[PDB]
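The chain below stands alone, shown as structure tokens; this is the form deposited in one PDB entry.
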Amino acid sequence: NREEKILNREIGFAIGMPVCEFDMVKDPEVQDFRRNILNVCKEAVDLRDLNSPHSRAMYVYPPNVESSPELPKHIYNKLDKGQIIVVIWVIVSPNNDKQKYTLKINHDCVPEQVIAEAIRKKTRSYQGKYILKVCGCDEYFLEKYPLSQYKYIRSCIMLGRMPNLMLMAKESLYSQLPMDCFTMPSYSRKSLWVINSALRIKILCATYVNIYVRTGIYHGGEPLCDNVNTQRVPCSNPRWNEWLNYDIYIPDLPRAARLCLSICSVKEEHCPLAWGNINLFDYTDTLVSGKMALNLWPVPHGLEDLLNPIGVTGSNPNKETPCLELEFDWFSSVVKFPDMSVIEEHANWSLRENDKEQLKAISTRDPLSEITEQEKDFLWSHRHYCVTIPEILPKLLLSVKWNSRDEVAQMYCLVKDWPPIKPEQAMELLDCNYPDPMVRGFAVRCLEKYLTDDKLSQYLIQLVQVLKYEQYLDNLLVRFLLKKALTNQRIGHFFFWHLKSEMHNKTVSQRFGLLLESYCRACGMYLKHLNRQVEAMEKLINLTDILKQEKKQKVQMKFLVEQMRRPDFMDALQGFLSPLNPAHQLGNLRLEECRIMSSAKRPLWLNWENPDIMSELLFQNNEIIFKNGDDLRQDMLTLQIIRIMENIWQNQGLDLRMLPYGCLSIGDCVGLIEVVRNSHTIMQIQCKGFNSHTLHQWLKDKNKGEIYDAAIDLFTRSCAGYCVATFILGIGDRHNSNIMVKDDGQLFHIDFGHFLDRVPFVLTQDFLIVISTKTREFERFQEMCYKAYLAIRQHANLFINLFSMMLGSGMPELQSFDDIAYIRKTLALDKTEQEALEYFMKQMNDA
């Protein structure tokens, strides 16, 4: 049909590749994913039309609210008698005159009540037919949340800024919601446990090799047996035809058992050449058998062993690569993995205060710590009691002998009834260590029960990353994330961008491609907007490309203006939403304000006019830095962890104002960076006005009177935070231009080159002089840094988990758990609270 064709062209433009290539993929699991994945879209759409227009508006404009409505102590103290002042605006008449009505109401009031008292104040000079909007952006207070719980409101309370809201008619916004229609695509309409034996695979011959074959059977990151090398053979004729046998009985193969193979070379000095992984069981629970042609992959940078089991699974798309032919045993009938029922029949067929405390002490340990064999057998012999302390489940999982059908089954049964655990702990079971399907299933259930959309968005990038660790295209995690993204555009955005940014990586081109297809096919009119965005970025990447090649600094600016002035460019880079925050409208380019940043890598400084009716109450211009050339993933993770830390200190009662500015990777070493209005570098303050005593003076001039004190406070608190943080994360070398301060005293860092590889933030005499060595102010400062350090050491588990999940991404500074152990060093996990305290005190003495 017509709608089908158009939708296909647009989806092709958004994903980057045309849909018609997915069709030509003669692969059962691919087609069955593209089809079977559709009832998730159905569920989401049904949820969208369930309450009709209100449900739609909620789908497009979800409430940006904190996780818990409760407010910390100091935050509540910011309120005058537990109340808040709020300015509600109204546009009226043909001239759209703006009239303001100020109010003082309880911070726990519902937006409906705010509208009530607002109309009351408007008449003293009509029921709930109105909704509240944020003056200057596209945020709406559509749900009956307490106003203070909205991120915008709580922020306004902490910063001391007064909220400016706009009263809008419900029908004026509903009239803006398009009538979407999800059209179904045109592409929608045995022995088991008996096999007794040992695993043996035959390698036949290799092609495209102009050395031996090392192989192994692994369960995630652990080999279910010993690796076996095939007979060394001359490189000219790649013909082994050999039969390798493994010390693993066929029934004893876990559900997620994988074959990991590679081709090593011989000078003595061994070096891999091409790697590949195969699922012993397919997506229909069948067991591999017969011949199979597997196209291998080149080796990633920084490889330790002659095997890459953590690498993606499947046959290389580029068939013009080393292709290995394998031969699996074929038995009487098509063998399947037993049903959970038979697992229960074989499962059923197959204690002192001292150790009662020992188990607790074990569960208290962090994930990085290793578990000894005696401790593994210990936890296993105590597998039933470990159910009362559910947070020990990960370590318990690590104690199972996954090469024994018995233990595997009994563990399955222990999972079918295991108590749910908190999300932060549930994600721990979603990294590469836990590849089992029922384990990841349990974790996904936990996330479905206790994960707030706030926390989901906060932990989105990691989840999208652990997608790569899934054994099959169609799984529970992908369906959960996809439904959440098809019911919450605030999540669907960074879902689509986290996915698209890696469409250049052929390791996951297929997966993320199909997923992105199913998403774009059911996301609604927003697809259009995304396309516009994808075009804008497109154009940008072109220009920067021509800037870093043909005209690779004043001439660069001239050329840039001329290319930018072309109408194609003007249209394609005007009137679209900010990929950093889709609530931000970006209208006409203010070219007179755009420029090349003249620092390194030719950063592009872009300035747009804010088209919002009330753009003046937020910012009349939105400035962003398009950078093409520098990998932004590391910066994304760093800023994320900074926001999380800030939320921890706030939820703990110490106001250390951090600044986790935006930062979104949208492709291969391309991305956007949020501009912090009114900020300058240390070196810039030192310049205007070798010298190290004019920072305090500059701040004093920029903050005269009763403001002075306030300013100081900020610069202190923030500073302390950015100190502690930078010490724990081991951020790269800081200097006078890596650091920045705002005209109000806010201090924050930028450009986190490399982390986890030592006191980087050696507070210079500037900062110290700004805080007051022997002064009560410095004492309060030290107390702050100590408190913060403790607060973070109390979530070392969370952070370590986050990194362990981010391993899947090919970031250089994060290639193995060895890189993560650094945090285990700086946090003093193996020591006690006091021991770690002395550790941080002494570490901070080393000026």
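Numbers follow the displayed sequence, beginning with 1. Residues that one form lacks are left out of the comparison. Basically, rigid core = biggest C-alpha set you can superpose within 1.5 Å across the two forms.
One more form of this protein exists, namely the form deposited in another entry; it is left out here, but the text below deals with it.
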With the core superposed, find the residue in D568, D668, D406, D305 that moves its CA 2 Å or more between this form and the one not shown. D568
Could you check, with the core superposed, whether the Cα atom of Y459 shifts 2 Å or more between this form and the one not shown? no
Honestly, after the rigid core fit, is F378 moving at least 2 Å at Cα between this form and the one not shown? no
Superposing on the rigid core, is the Cα displacement of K422 between this form and the one not shown 2 Å or more? no
After aligning on the rigid core, stretches of three or more residues with every C-alpha displaced by 2 angstroms or more between this form and the one not shown cover residues 553 to 568
